[PDB]
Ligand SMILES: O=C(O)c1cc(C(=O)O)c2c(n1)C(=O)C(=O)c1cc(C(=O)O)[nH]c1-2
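Next up: just one chain, as structure tokens, the form solved without this ligand.
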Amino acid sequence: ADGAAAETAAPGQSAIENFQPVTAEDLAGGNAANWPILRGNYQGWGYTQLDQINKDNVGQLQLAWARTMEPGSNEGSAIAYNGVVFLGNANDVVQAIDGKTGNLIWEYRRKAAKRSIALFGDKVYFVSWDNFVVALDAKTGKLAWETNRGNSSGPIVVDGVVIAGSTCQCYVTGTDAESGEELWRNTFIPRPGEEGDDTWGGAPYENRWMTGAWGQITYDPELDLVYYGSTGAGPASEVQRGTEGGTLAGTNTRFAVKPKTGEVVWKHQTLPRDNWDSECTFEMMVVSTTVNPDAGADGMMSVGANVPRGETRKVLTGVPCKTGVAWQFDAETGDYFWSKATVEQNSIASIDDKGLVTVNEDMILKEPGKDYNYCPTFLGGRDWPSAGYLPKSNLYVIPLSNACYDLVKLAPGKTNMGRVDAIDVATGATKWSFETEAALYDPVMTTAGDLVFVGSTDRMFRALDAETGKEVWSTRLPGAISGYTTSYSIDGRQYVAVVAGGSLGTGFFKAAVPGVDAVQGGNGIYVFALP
């Protein structure tokens, strides 16, 4: 009862009433009420500053609303912006949903997994199944433009440049956010003539290929540096590749690049000679910290020769590969500060004090009758499920799997498959570790309420105490908690949104841990809030 007519908003065929264009400052985390990019900010923190939900009341969390999502692998994220959730579904379905009520607003359906869409200005951006960079009108969901390049993690947009990697089975492109025009494209495999071609064991260029889903891009505004990682070469066996002895320059390399041009500023290969599908493409965070690595910390591999001990530095830090080794670099220069193993791993025999990795020759397939007991696995260790950062305690919080595989089983001495480590970013010391019988295989979200949210393959959605790792709240969803957790605020109410239902990884871990009720189904966004 406004006018005498019934004003309506037909779900799926409506427009956002008030859409404000998304800025660089939004994407840098400038509005705690929103979660406008995969990890909450450009810098990859996976953090919300919202603290209405905290250690004291999280035990009271209830289900506010949920909504069914497309069937298939459900690894996506509830991107939230001024009361609207922008939700990438499987099968290139993109929805705008009222973040308070769960009413569908609009739905774009293109003619599997989508980990995120991206926001910038007045448009919603994603990379489709048929390798188009696509822009939708944010307000209405109508197609604005699409450019055929020739993904699963989703782009980010930096100052009007849509940056998007590629699934390799291999490049990263920058595309104008308003016109659709491709601006640049970076490739990784050196051609004979370029530096590094001699690291490919004599394999002819036309027979080299890379393989791996492309990972999460992060960004530092002040340095104006985009960070991504490249994957390994395929197939995984260097004998089958014809690259025996080859360290494979270009592969499994962390790049820092200029967003307007793709120009490479610094790079560092975090895993040469990959024989283990290590995919060093996962998110690396930009954080400021005192630089004080403890050479005697558990798992520490080496400390950089001239590390700026005691100084404050903006660093690029985190675990880039399935191997589970955390790295820390100077964000601006790429100077190597330190590296630290987490899970049991035996593909890296050592890392010297300049960050040069030496792989374990004994884990390279040579004799077919020999036993090759590799740790971790093609699922990690870590995998694409993202870490989170707790700026209040300077902790890097990463979900892991305690697994090993014959080159899928629990690692030696581990009864719990699922694991979350919290690592001091200043010292590299592990401050706490949460473990549980089922594999997690799901991102975390860190919060200013001193909480860590994480889901599991046997459907448990948990909040951990960020100071101790102890579980303080849990619920259980219809299927494996397979997607991302985000948080946003509307009318003073903090919402915690998680995407669940199952993924490719759900079944591999249903097999290794036979005692847990890991099952797929009920794809959906599920949103929690206090009473």
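Sequential numbering from 1, following the sequence displayed. Here, rigid core means the biggest group of C-alpha atoms that superpose within 1.5 Å across both forms.
Quick note: we don't show the form deposited with this ligand bound, though the next part is all about it.
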So the ligand isn't in this model. With this ligand brought over in the deposited bound form through superposition of the site C-alphas, is the pocket blocked (at least 3 atoms within 2.4 Å of backbone or C-beta) or open? blocked
Listed residue (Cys168, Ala341, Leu223, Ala236) with a non-hydrogen atom within 4.5 angstroms of this ligand in the deposited bound form: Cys168
State the residue from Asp277, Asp92, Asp335, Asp137 whose non-hydrogen atoms include one within 4.5 Å of this ligand in the deposited bound form. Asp277
Is every one of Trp214, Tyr441 and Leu504 within 4.5 Å of this ligand in the deposited bound form, counting heavy atoms? yes
Is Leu379 part of the interface with this ligand in the deposited bound form - any heavy atom within 4.5 Å? yes
Quick one: is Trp384 in contact with this ligand in the deposited bound form, heavy atoms, 4.5 Å cut-off? yes
Would you please decide whether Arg115 lies within 4.5 angstroms of this ligand in the deposited bound form, comparing each non-hydrogen atom pair? yes
Within a 4.5 Å heavy atom cut-off, is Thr289 in contact with this ligand in the deposited bound form? no
Among the candidate stretches 371-379, 453-461, 418-426, 99-107, which one is within 4.5 Å of this ligand in the deposited bound form when only heavy atoms are counted? 371-379
Using a 4.5 Å heavy atom cutoff, which residues in 332-360 contact this ligand in the deposited bound form? It's fine if the answer is none. none
Core-fitted Cα difference of 2 Å or more between this form and the one not shown, single residue among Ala213, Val291, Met301, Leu136: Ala213
With both forms fitted on the core, check whether the Cα of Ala511 differs by 2 Å or more between this form and the one not shown. yes
Regarding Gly505 and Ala213, go with closer or farther for their CA spacing in the deposited bound form versus this form, the difference being 3 Å or more. farther
Distance trend in the deposited bound form - C-alpha atoms of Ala213 and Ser482, change of 3 Å or more: farther
